[PDB]
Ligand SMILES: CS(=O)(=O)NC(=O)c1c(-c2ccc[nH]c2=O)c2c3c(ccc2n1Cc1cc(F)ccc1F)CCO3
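Presented below, as C-alpha cells, is a lone chain in the form solved without the named molecule.
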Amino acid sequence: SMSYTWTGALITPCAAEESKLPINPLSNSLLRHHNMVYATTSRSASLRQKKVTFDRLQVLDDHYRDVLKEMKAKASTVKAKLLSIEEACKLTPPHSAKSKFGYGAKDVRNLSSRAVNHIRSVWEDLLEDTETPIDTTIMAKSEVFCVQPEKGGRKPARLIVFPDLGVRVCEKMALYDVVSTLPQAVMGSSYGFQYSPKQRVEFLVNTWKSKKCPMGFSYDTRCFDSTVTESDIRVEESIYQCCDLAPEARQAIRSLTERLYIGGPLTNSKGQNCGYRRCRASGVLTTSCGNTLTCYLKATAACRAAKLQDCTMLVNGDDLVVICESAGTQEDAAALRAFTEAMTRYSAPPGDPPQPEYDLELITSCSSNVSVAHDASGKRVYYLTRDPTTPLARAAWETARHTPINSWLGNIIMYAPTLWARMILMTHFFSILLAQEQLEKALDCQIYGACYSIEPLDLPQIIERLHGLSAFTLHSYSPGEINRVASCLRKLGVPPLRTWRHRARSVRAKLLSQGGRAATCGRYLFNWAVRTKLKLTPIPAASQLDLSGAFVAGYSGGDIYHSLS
C-alpha cells in the first residue's frame, strides 16, 4: 500500500509565494545575515513528495494487541458529547480557509444562513453515505527556517492536506470532545499536551529522579504521517468507538474514518486531481489525537518487545520520549536497537536512529530540552528551552512582513523563562510595539495547534501563571545554554547578548513611562535589565485569567480557535 500515488498534476500555490526576506527598517535591527533566512514555497513541493511517498510493510505482534486492548479498556470509561452546530462554529478560526461553496470562516462564526445550511447538509450526508471518499485539497506549507550545515541546502515545504470548511465543522461536532479528552483518559501522565511548559519539565524531572540510574532517549519517526496505515487509522477508530456516543456521532465517526481519515483523493489549488492518499491527512481534527494514540500504542508495545524496564513515556503527537531503567551501557544500546526494530515492524522506522542519554538535559523532544537556572533566591530552578535558530529566524520574518500567525508571541509565551526570549524576543518586539502605538492591539498566535488572540499587554500575567514569578528573576543560566544562544547570534548576525541589555532598559523605562498595564510589563518583563531590582509581588489580574482549555490537548491540523466570542 502506497502512502501516495501521483498523477502528474502539480502542487500549485493559491497566491504569490515569497521565498526570501526583504531588507527592512527593523529586520536588520534584529538579524543582519538575512540571506540565511528563508521561507518554504510550493517550488520545493516535488522534493517533499519524493520523501513521503513509499510502500508500507506492517507486521503486528501480540505485544501490540495487548497494549491496544489495554488502551481500549481505558477509553471505555469516556462519555463524549456531540457538539451543537453553534459550538462547532465558534471553534473555527476567523481566517480559516473558505469553503468552495461560497462562504468562509466569518460566515461560519457568524452562523450565516448559507454556511449553516451547508454545514447541516454535509452532516446529513455523513449519515446517508458510508463509502464515498471525501475530497481534499493538498497545499505546500509556507514555513520559515535558517539554513543548516551543508549549505545552500533548504528543507522542502511540508505538505498539508485538508477537507472543506463544511466537513471541518462537522468533524468538530462529531469528534471535538473525543479528541479533547480521550487522550488523557487513555495514556494519562504520558499525554504531553495536558502539560504547560512548567508542568512538562516538572514531569520529566520527577520521572528522571524516580529511576535508580535513569536512561533516556527520544524517538524520531521518519516522516510519521506517511508511515501511518489504513489499519492504524481503523484501530484508532476502534478506540474512539469505545466511548459512549450519540447515535449520529457514532455514524459520523464511522463515515469520516472510511471516507476521509483512512485516505482519499488529493486535489490541488487549481482544482486538478493530484493523486491519492492512503495515510494520515495532516489537516483533520483527528490528526494530533490519532498521531498521539498511534505513537503511544506502537511505542508502548515496542518497549515490551525490547524488554526495556520501568519505561515512562512522554508523547506529543508523533514526538516521543522515553525515560526508563538503565541495564548497562552496552545492554542499553542493544535494547534501544530492539525498540527500533519493533517500531520499524509496526511501520514506524526512525529518522536518525535513537541514542541513549544519561543527562536529562541532552534529551531533545518537542524541539525542546531541559536546562537549569537559578532564581533571585539562588534556588535551583528547572525550565524548558530550545535552540533559538528557528524561532529567531521567524521573528525576523514577522518583523518585516504581515503574517497571519505571530510565532514570536507564541514563543515568548511558551519560552518566557528562557535567556533568549527575555533578552531578545521581548526586548525586540516591545520597542517595536511601543514605537507603533500597538501594545493594546491583540495579535494571533498558536499554542499546541490552537489559535489564541492575545494583547501583548497581558503577557506578564499569562507568563506568571504558566511559569511562575521566577520567570522574571531567573539568572545564572547554563554554560552550554549560554554558549548555544551566543553561537546562534553569530550565525544569524544578531546583536550579542551584551547589546540587548541597553535596548531593554530603554524600552523598560519607556514602558514604566506610561503606567498601567504598560508599566507592569516594563517592571516584570525587563527586571533582568537593571541592577536596582524592583520588588516583584504577584500580579493582581493573574487571578482571573481564562487559562481554561489552554493546555488540555494538541490540535495541529485541527482548525481550532480559543479566544473570545
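Start at 1 with the first residue shown and count on from there.
The protein also exists as the form solved in complex with the named molecule; that form is not presented, and the subsequent description refers to it.
Of the candidate stretches 326-334, 408-416, 298-306, 234-242, only 408-416 contains residues with a heavy atom within 4.5 Å of the named molecule in the entry with it bound. Using a 4.5 angstroms heavy atom cutoff to the named molecule in the entry with it bound, all of 193, 368 and 447 count as contacting. The shortest heavy atom separation between residue 107 and the named molecule in the entry with it bound exceeds 4.5 Å. Although the partner is absent from this view, residue 12 stays clear of the named molecule in the entry with it bound, with no non-hydrogen atom inside 4.5 angstroms. Although the partner is absent here, residue 183 sits far enough away that none of its heavy atoms falls within 4.5 Å of the named molecule in the entry with it bound. Though the partner is left out of this view, residue 316 does reach within 4.5 Å of the named molecule in the entry with it bound, counting heavy atoms only.
Among the residues 263, 166, 456, 197, the one placing a heavy atom within 4.5 Å of the named molecule in the entry with it bound is 197. Residue-level contacts in the entry with it bound: of 83, 384, 343, 71, one residue has a heavy atom within 4.5 Å of the named molecule, and it is 384.
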